[PDB]
Structures are given as structure tokens and as C-alpha cells.
């Protein structure tokens, strides 16, 4: 069967290019796709594309993902995180195609301790969350063969990521400051991509799995504890670090235009039992990307 992937160059998209390749005949698009429209600024054009190809499955990894900039341009975000999602949803539903789509925990507020469930009420704390909410609701109302994967703290080894930015700091600096009161599970693009591939093959066989899912690596940590592991990992690999002092700091002390939740924890029991898949502890995925970065035959 035919699979159409939008957002092929993103973190998750680049991993989907790999994961979806054996599952069906993959057509991978992004914004610059010359010979096919992959620019979510043209909701009608991504519809046309979806009519032009007729896919059995659409995997959407494109989005407006700069949360802070979104506050300054809620319009463009709306277009990318909702308008084009509806346009692709309705078109998907013209042909009975499945639509796979990623969302975010920014759809919930904040209240430490408890992991959010799919049955929990939503009240988006910032713009990103809002437009993405509009996006999943739109998918929900226009295209019943869907899989929405709500995720959080996504990283990949290709391209910039938290680990790397922190490592640049740790090379160039002696003391460093990082949030220790935001809680979640760093989730690999590898894990996302692979789970998607399997979930597609179930859904084709069991249409009842359609719906909304929480999808993250297991466990929970904070940015400061995440950074500590990265530091330690790098010390263990022989990366010399200028860094001598690592201090934990509250969220508030340093500005971000759009608010971040203190509680990005997500319960993923729904996904685990509906797909019979395992979601490994967050550390595995991070240590693996760190090794790949450190043992770079080159």
C-alpha cells in the first residue's frame, strides 16, 4: 500500500522516512517538495496533494513547532497545527485513508505528581497547545480512521537537540543553570517512528484501535537531571568538559514568552495495551543517541 508522509525533514519525520519504508510504498514530502505540494500554508494544496496520490495512510509530522514564536504569530501556527490538519483530514476521509498525527502535552495545564490520561480534560496553556488542540479535534471530527499520538520532549540525533546545546555549553562554560522543576520523559524520534510503524500495521488489521494515545518513553526526569545524564555520559566517553558547576534552578527565574507546563508527565497505558508494544525508559534512547554522537566514525 501507499504511505504519504508530510514533514520528512523534521526530527520525527527523518526517523519516519526509515520506519515507514518497509510498511508501504513511501512518498515523503516537506515544504520545498517541488514536484508535490508539502507546505501547510496551502491547506488546499496539501488537500490536492492528498487527492493527487490517494494514500492508504497519511503520516503527518509537519507542524509549527517553535512554541515561543507561536505567541507572536498565533495565526500561522493555527494554519499549520489546525487548518491544514482539517484539510488533510477531510480529504483523507474522502477515500477512507488513515491519518496518523502527532500532538503534544501542551494541551494540558500543570499540576505536578500525576500523569495525564487521554480521558483528562484539556485547557492549553499556550498558543502551540491551542492550535494543536484545534488540530486534533479537527482530525477527530473529520476523519474517523485516525491515530493521534500525544508526545513530549522529543529529540533526535540528527539536527540540534537539548543534549547537544547543553554539550556546547559544557565545552565553552565553567558553570551552568538549568530548570529542575519541569517534569517529563525525553522521547526519541526513533521510538516515535518505530511505534508508529507498528501501530499502522495493527490499525490496518484492527480498525477499532483508532483514537487518541499518549506516547512517550517511560520514567520521568527534569531538564537538570536529563542534562546531568548527558554530562556524565559524555564524561564517560572521554569528552572533556570545561563545566565545573551544575546548579538546579526554578522555571520562573528566567523568561519564556509562552508558558511551559511544570507537569508534562503522560500515562501511556492505553497505547501499550492497544498495540501490545513496550515503551522503554527514557534513558535508553538518550544514551543511544549520545553514543552515536560520540562514536562517530568520521
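Positions refer to the first chain, counted from 1.
Query raised in the report: Of 93 to 101 and 182 to 190, which one has the bigger average CA B-factor?
Result: That would be 93 to 101.
Practice prompt. Tell me which of 31 to 39 and 57 to 65 has the higher mean C-alpha B-factor in the deposited entry.
Written response: For C-alpha atoms only, the mean B-factor is higher in 31 to 39.
**Request:** Would you check the entry's CA temperature factor for residue 110 and let me know if it's in the chain's lowest, middle or highest third?
**Result:** As the PDB entry reports it, the C-alpha B-factor of residue 110 lands in the highest third of its chain.
>> Please place residue 248 in the lowest, middle or highest third of its chain according to the CA B-factor in the PDB entry.
In response: Residue 248: CA B-factor falls in the middle third of its chain.
- In terms of the chain's CA B-factor thirds, is residue 206 lowest, middle or highest? Answer is highest: the recorded C-alpha B-factor places it there.
Using the B-factor values recorded in the entry, state whether the Cα atom of residue 26 falls in the lowest, middle or highest third among the modelled residues of its chain. Its C-alpha B-factor belongs to the middle third of this chain's values.
Report task. Sort the modelled residues of this chain by their C-alpha B factor and say whether residue 221 lands in the lowest, middle or highest third. Result -> Answer is lowest: the recorded C-alpha B-factor places it there.
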